[PDB]
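Engineer:
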Ligand SMILES: CC(C)c1cccc(CNC[C@@H](O)[C@@H]2C[C@H](C)CCCCCN([C@H](C)c3ccccc3)C(=O)c3cc(cc(-c4ncco4)c3)C(=O)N2)c1
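In mature numbering (1 follows the signal peptide of the UniProt record, and there is no 0), the protein residues as written are 38 to 197, 209 to 425.
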């Protein structure tokens with residue numbers, strides 16, 4: 038019955054992927070950003086310049102006040118609000134209704150985005166990182182406990209306005225090609241994984257693989273960029289610069305501060321390399337790789353001029369909180385968050401970006417010794 042959930046995600050380019058939900062009785066419709074990088078379900082519940090609608094607790098007969106405050110600081114953006122519960126449904130999801138914890142956002146700082154068309158956030162990660170503490174049951178945990186929905190979901194993010213699918217409770221085989229390759233969920237807090245090798249245009253970065261996961265590596269649909277620890281970021285940028293030295297870019301471009309433009313249809317995709325991330329596999333000494341095309345880490349933007357030039361932003365950036373496999377990574381793939389079996393699957397997405405001669409890939413098996421040494425402690 039998954040066909041009803043295909044194409045249930047929308048968004049504007051670079052503004053966040055959202056799914057439609059209803060909260061309260063009678064149902065109040067809101068668009069909710071899907072975020073595997075956090076664990077709180079929160080909705081705007083008071084006027085805001087960027088909000089065109091919000092949750093009105095007074096109009097819901099099933100609203101229950103929890104008489105407790107809450108605040109969530111993200112890497113970018115934060116909000117505070119009032120905790121409570123209410124009935125929640127997903128129109129283009131399973132035909133169920135669950136009583137879920139809801140953070141009623143009353144105040145926020147650089148969280149909501151003008152024109153994004155979403156009014157809340159669905160944190161799909163685990164209770165361990167929920168605010169104020171791990172006793173606040175996340176939405177998906179409530180869903181699984183109260184209904185017969187199986188304990189897994191899958192995400193197909195289709196980049197550029210944007211679209212995709214969140215298959216709640218299963219895998220839709222029509223959404224991917226080839227085989228699914230699985231990596232263990234190292235620990236149930238973020239969707240933490242272990243990267244065991246990195247190659248750029250087939251050239252090994254030859255770093256101690258712990259550097260790739262310092263201090264963690266997560267799969268995060270709530271972040272655009274591939275974010276890399278300082279040491280890995282510098283090595284990656286050095287290698288990407290060398291492959292594209294044919295042309296010149298301001299240094300601010302490599303910091304994500306400036307755009308680069310080319311005459312429409314003349315973007316030199318061939319001079320930008322592919323990046324392969326090797327992930328720990330399911331059997332001893334076995335890994336697999338996912339390969340990223342430059343079309344994924346060079347995001348198209350709006351030409352600030354009155355021209356038809358193709359302009360792009362560099363979407364690999366430095367991190368101090370470990371690797372973040374954001375939308376830049378996820379958009380190429382069908383990603384299965386198999387919570388029941390504590391693993392994450394990757395397969396080539398049916399809505400992958402096309403290069404004229406190269407293709408994003410998920411390939412295995414590979415042999416990799418001592419993969420456990422790559423996890424940081
Ligand atoms: C709450 C706890 C558990 C926690 C604390 C710190 C970090 C984390 C890890 N996950 C963070 C996410 O939850 C967290 C979720 C976020 C508020 C959702 C709403 C805004 C989305 C913004 N957006 C756009 C609109 C977008 C577009 C398409 C898809 C996705 C996003 C980004 O691209 C973006 C998001 C975050 C950080 C950066 C960033 N670029 C460099 C440094 O920062 C960029 C962020 O912070 N996104 C969790």
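Backbone N, C-alpha and C fix where the C-beta goes; we use that ideal spot for every residue, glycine too.
Could you pull out every unbroken alpha helix (DSSP H) segment of at least 4 residues lying fully inside the stretch 276 to 307, listed in chain order?
Structural biologist: Here the runs fully enclosed are 278 to 291, 299 to 302.
Engineer: Less than 9 Å separating the beta-carbons of residue 112 and residue 62?
Structural biologist: no
Engineer: Kindly provide the ranges of any beta strand (DSSP E) runs that are 3 or more residues long and lie completely inside the stretch 293 to 375, ordered along the chain.
Structural biologist: The stretch 293 to 375 contains these whole beta strand (DSSP E) runs: 308 to 310, 323 to 328, 334 to 340, 346 to 349, 358 to 362, 364 to 367, 371 to 373.
Engineer: If you follow the alpha helix (DSSP H) that residue 177 is in, where does it begin and where does it stop?
Structural biologist: 176 to 183
Engineer: Under 9 Å, do residue 55 and residue 154 count as touching if we go by C-beta distance?
Structural biologist: yes
Engineer: Tell me which same chain residues have a C-beta within less than 6 Å of the C-beta of residue 287, skipping the five on either side of it?
Structural biologist: 248
Engineer: Residue 48 lies in the beta strand (DSSP E); which residues open and close that run?
Structural biologist: Counting along the chain, the unbroken beta strand (DSSP E) around residue 48 starts and ends at 46 to 48.
Engineer: To the nearest angstrom, how far is it from the Cα of residue 266 to the Cα of residue 309?
Structural biologist: Straight across, the Cα-Cα distance linking residue 266 with residue 309 is about 31 Å.
Engineer: So what does DSSP say about residue 263, is it helix, strand or coil?
Structural biologist: coil
Engineer: Give me the residue from 348, 244, 177 with the minimum Cα distance to residue 49.
Structural biologist: 348
Engineer: Could you have a look at residue 40 and say whether DSSP puts it in helix, strand or coil?
Structural biologist: helix
Engineer: Check this for me: beta carbons of residue 330 and residue 232, under 9 Å apart or not?
Structural biologist: yes
Engineer: With respect to 8 Å, is the separation between the Cβ of residue 152 and the closest non-hydrogen atom of ligand 1 below this value?
Structural biologist: no
Engineer: On the criterion of 16 or more Cβ atoms from any shown chain inside 10 Å, does residue 333 qualify as buried, or is it exposed?
Structural biologist: exposed
Engineer: Excluding the five sequence neighbours on either side, which residues of its own chain have a C-beta within less than 6 Å of the C-beta of residue 237, listed in chain order?
Structural biologist: For residue 237, where only same-chain residues beyond five positions count, the Cβ hits under 6 Å are 163, 165, 166.
Engineer: Just checking, does the stretch 60 to 76 make contact with the stretch 86 to 96 on the three C-beta pairs under 8 Å criterion?
Structural biologist: yes
Engineer: Where residue 355 and residue 311 are concerned, what is the direct C-alpha to C-alpha distance, given to the nearest angstrom?
Structural biologist: 9 Å
Engineer: What is the DSSP secondary structure of residue 57, reduced to helix, strand or coil?
Structural biologist: strand
Engineer: Let's see if you can read the secondary structure: which residues bound the beta strand (DSSP E) around residue 192?
Structural biologist: Its beta strand (DSSP E) spans residues 190 to 195.
Engineer: What are the start and end residues of each continuous beta strand (DSSP E) run of 3 or more residues lying completely inside the stretch 72 to 120, in chain order?
Structural biologist: 78 to 81, 101 to 110
Engineer: For the pair the stretch 137 to 150 and the stretch 109 to 129, tell me if three or more CB-CB distances fall below 8 Å.
Structural biologist: yes
Engineer: Alpha carbons only, please: which of 144, 103, 129 is nearest the one belonging to residue 118?
Structural biologist: 144
Engineer: In whole angstroms, what is the alpha-carbon distance linking residue 45 and residue 176?
Structural biologist: If you take the alpha carbons of residue 45 and residue 176, they lie about 18 Å apart.
Engineer: Using C-beta distances below 6 Å, list every residue in its chain close to residue 171, excluding the 5 sequence neighbours before and after it, in chain order.
Structural biologist: 164, 165
Engineer: Report yes if the CB atom of residue 373 is closer than 9 Å to the CB atom of residue 274, and no otherwise.
Structural biologist: For residue 373 and residue 274, yes; Cβs fall inside 9 Å.
Engineer: Taking DSSP as the reference, what is the three-state secondary structure of residue 67?
Structural biologist: strand
Engineer: Given that a residue counts as buried once 16 or more other Cβ atoms are within 10 Å of its Cβ, and exposed if not, what is residue 104?
Structural biologist: exposed
Engineer: If we ignore side chains and look at the alpha-carbon of each, how far apart do residue 341 and residue 411 end up?
Structural biologist: 15 Å
Engineer: Determine the DSSP secondary structure at residue 255, reduced to helix, strand or coil.
Structural biologist: Coil, per DSSP.
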